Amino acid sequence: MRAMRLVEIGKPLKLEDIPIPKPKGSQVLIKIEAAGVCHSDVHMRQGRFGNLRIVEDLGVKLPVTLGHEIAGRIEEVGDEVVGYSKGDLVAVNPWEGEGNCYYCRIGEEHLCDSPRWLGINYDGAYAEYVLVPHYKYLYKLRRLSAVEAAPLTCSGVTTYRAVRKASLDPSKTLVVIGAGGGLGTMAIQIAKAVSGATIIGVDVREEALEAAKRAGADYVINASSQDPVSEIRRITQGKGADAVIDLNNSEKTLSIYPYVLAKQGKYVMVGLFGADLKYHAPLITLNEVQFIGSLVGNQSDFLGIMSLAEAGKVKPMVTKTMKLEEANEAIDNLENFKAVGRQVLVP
């Protein structure tokens, strides 16, 4: 089968011909009908998340098929599979754990000590087929097509979790940094659907802000032409933002936004652009500010976002559908900040 794999860092993904997995036990073989392209793949290709080398520090073993936004039809199931039949259209939660470690026992499976992340350390969706370790990570689709559902397995579940960590309510204001991109449009839609908080979207491209508005942002700020700090201060009437979901965490964003937080404000750090957070400690203490890391999501988060989308409350903004072989072009678009919403590959 065809597969776009990461064979060497700093080099484009290579199309290869590898065997189709054979499911056994509780595993499930899925024929891919949609594979979303995540900016995280830009970092993977470069082989690094900030100062962290995926191979040397994170333990990734090359080669590996990328693609962690997965949706397709069940092709074959193992002998222990129950409640799923061949032909079923499903979305797949790639953030899988083994079950015995501390993090799996408390329901934080994505933080497993021996993680099975499809598309990162295990073969992902940039292929004609993908082997899913356990059927419990599936979610049958009815209202959504594979193309519309795929982005939900990463950008969706990730921002759903981040939005929960933001602890929103009607009296609070949320600021999303990078609001026109893949996770940005998803975070905005979700915040608009599961809370009554005021949503402010921030980006640097005119097209990105149009995307943020289509996503439902109550207010948008172009940080290239406008003074983001002044605008956020004005909109919140001098109070500052009660929560900020930073989908960049770059030298640029971390030098600006951590300073527009209201007292008790929560700065949820999702982006992986790579930079150090330098912040005066007394500022953290005296203002009870919080810097919170958020990574993908657990089974509850996956269930939550899938339920919301399947109910028609939110829907990924897929702006382009391309071939599996165009994987390197889709990733380039993100690397060059030329895409809005989400791009999805179809084998």
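Numbering starts at 1 and follows the sequence shown.
A summary of the deposited B-factors shows that, of 98-106 and 164-172, the stretch with the larger mean C-alpha value is 98-106. Mean CA B-factor, 129-137 versus 268-276: the higher value falls on 129-137. When the C-alpha B factors of 203, 246, 251, 75 are read from the deposited coordinates, the top value falls at 75. Ranking 190, 89, 82, 150 by Cα temperature factor from the entry places 82 first. Placement of the Cα temperature factor of residue 57 within the chain: highest third of the modelled residues, per the deposited record.
Residue 263: CA B factor lies in the lowest third for its chain, per the PDB record.
Ranked against the other modelled residues of its chain, the C-alpha B-factor of residue 292 as given in the entry falls in the lowest third. Remark: residue 304 belongs to the lowest third of its chain, ranked by C-alpha B-factor as recorded.
Among the modelled residues of its chain, residue 282 has a C-alpha B-factor that falls in the lowest third according to the deposited record.
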